[PDB]
2 protein chains.
Amino acid sequence: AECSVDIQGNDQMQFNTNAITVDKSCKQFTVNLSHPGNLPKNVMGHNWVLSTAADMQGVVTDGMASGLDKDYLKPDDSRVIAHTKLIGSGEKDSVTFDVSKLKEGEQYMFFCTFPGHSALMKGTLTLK
Amino acid sequence: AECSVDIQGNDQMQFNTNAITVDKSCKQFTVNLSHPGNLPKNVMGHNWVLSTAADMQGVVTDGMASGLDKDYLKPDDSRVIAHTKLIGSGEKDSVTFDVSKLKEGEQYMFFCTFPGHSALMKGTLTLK
Ligand SMILES: [Cu+2]
Ligand SMILES: [Cu+2]
């Protein structure tokens, strides 16, 4: 912990946390995502994407349209604050981002953009 | 209609109906399944599988273990009353089964066995 969090996406399309707090003293913050299940990336791939709560739906919709090869994210989507790659069973990936890109008193959501998964795989992130 | 129903499973991992009623006047019943989305079968394939409610979990778990080559269904699973093939985008399939294989007073469930889909892709079938 301290400026990092570990999250897992499983074969039941669930993240193992639904809320992340980012300490305002952290200059940067790292998310370490792993996949503890046994299903492959094409069937049950997961990623972790951060946007404002207001931008989440447009990022999910355009992520689906980008497809498979683009890790279901529109390239250079300006609304994505940070995101991982899409990972399969047994993989891991991290993203570190600057905490100065987050405002106090704004609502953020993290979610997975694999088709259909965001209904279940989503949570809030807040500065503290 | 009445002795047949048209169902579709889309890219949002949902069926367009979650309850089917089979009139006891029907000697046979036909299910026509289509996939109106753009995702491929190995990423978002769908099938329509019928069993008793009590047998659904076992069918889904064993189905998952059989893999894509088996259309995610255990070969000659006696718990499956009827099923289609697994189809991808723009495909369709149809299956007809005998209504006397259903009895009144028993709870039946139709569902998709592609990994993870049955959490949302399921519904009741009732003989009325
Ligand atoms: Cu996911
Ligand atoms: Cu399905």
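Taken together, the values in this text are just the output of simple stated rules run on the coordinates, not laboratory data. A quick note on method: Cβ atoms are made from the backbone with ideal geometry, for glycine too, and the neighbour counts reach across all protein chains shown.
Quote the relative contact order of chain B in percent (integer), defining contacts as alpha-carbon pairs under 8 Å separated by 6+ residues.
So the answer I get is 34 percent.
Connecting C-alpha atoms closer than 10 Å in a GNM of chain A, tell me which of A:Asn47, A:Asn16, A:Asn32 has the biggest fluctuation.
Residue with maximal mean-square fluctuation among A:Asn47, A:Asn16, A:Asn32: A:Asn16.
Suppose we look only past 20 Å in the calculated P(r) of chain A. What percent of the Cα-Cα pairs does that tail hold?
Every Cα pair in chain A considered, those over 20 Å come to 37 percent.
Along the Cα→Cβ direction, 7 angstrom out, place labels at A:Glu2 and A:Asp23. What is the inter-label distance in nm?
The two pseudo-label positions are separated by 0.6 nm.
If amide H atoms are built 1.01 Å from N in the plane of the peptide, which residues on other chains or at least 5 residues away come under 5 Å of the amide H of A:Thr126?
Close amide H contacts, sequence-distant or interchain: A:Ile20, A:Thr21, A:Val22.
³J(HN,Hα) across the stretch B:32-47 via Karplus (A = 6.51, B = -1.76, C = 1.60, θ = phi - 60°), whole Hz, x for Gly/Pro?
Per residue, the Karplus-derived 3J(HN,Hα) values read 9, 10, 10, 10, x, x, 10, 6, x, 3, 6, 9, 8, x, 10, 9 Hz.
Give me the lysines in straight-line cross-link reach of A:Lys122: C-alpha distance below 23 Å, same-chain residues under 8 apart excluded.
Qualifying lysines at Cα under 23 Å: A:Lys24, A:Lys41, A:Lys70, A:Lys74, A:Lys85, A:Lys92, A:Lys101, A:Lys103, B:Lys122.
Using unit Cβ charges (K, R positive; D, E negative) and no other charged atoms, how large, in debye to the nearest 20, is the dipole of the protein assembly as shown about its Cα centre?
Result for the protein assembly as shown is approximately 180 debye, rounded to the nearest 20.
Evaluate E = 1/(1 + (r/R0)^6) for B:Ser100 and B:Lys70, where r is the Cβ-Cβ distance and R0 equals 25 Å; express this FRET efficiency to the nearest 0.05.
It comes out at approximately 0.35.
Using only Cα atoms and rounding to the nearest 10 degrees, what angle (0 to 90) does helix B:53-66 make with the longest principal axis of chain B?
30 degrees
What are the label-to-label distances in nm, one decimal and shortest first, from A:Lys128 to the same spot in the other copies, with labels 7 Å along Cα to Cβ?
Its label point is 4.9 nm from the equivalent points in the other copies.
By the 4.7 Å beta carbon criterion, which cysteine residues of chain A come out unpaired?
That list is A:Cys112.
Excluding residues fewer than 8 places away in the same chain, name every one of the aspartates and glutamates whose C-alpha is closer than 19 Å to that of A:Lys27.
Leaving aside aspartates and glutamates fewer than 8 places away in the same chain, those within reach of A:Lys27 are A:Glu2, A:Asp6, A:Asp98, A:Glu104, A:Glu106.
With a cap of 12 neighbouring Cβ atoms within 10 Å, and only residues DSSP puts in a loop, list the trypsin sites (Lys or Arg not before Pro) found in the stretch B:59-119.
Of the trypsin sites (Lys or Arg not before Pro), the ones in loops of the stretch B:59-119 whose Cβ has at most 12 other Cβ atoms within 10 Å are B:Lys103.
Pick out, from B:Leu68, B:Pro36, B:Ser94, the residue whose Cα sits farthest towards the positive end of the charge dipole of chain B, with +1 on the Cβ of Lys and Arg and -1 on the Cβ of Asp and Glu.
Of the listed residues, the answer is B:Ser94.
Once amide H atoms are placed 1.01 Å from N in the peptide plane, what residues at a sequence separation of 5 or more from B:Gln8, or on another chain, have their amide H within under 5 Å of its amide H?
HN-HN under 5 Å from B:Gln8: B:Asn16, B:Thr17, B:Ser34.
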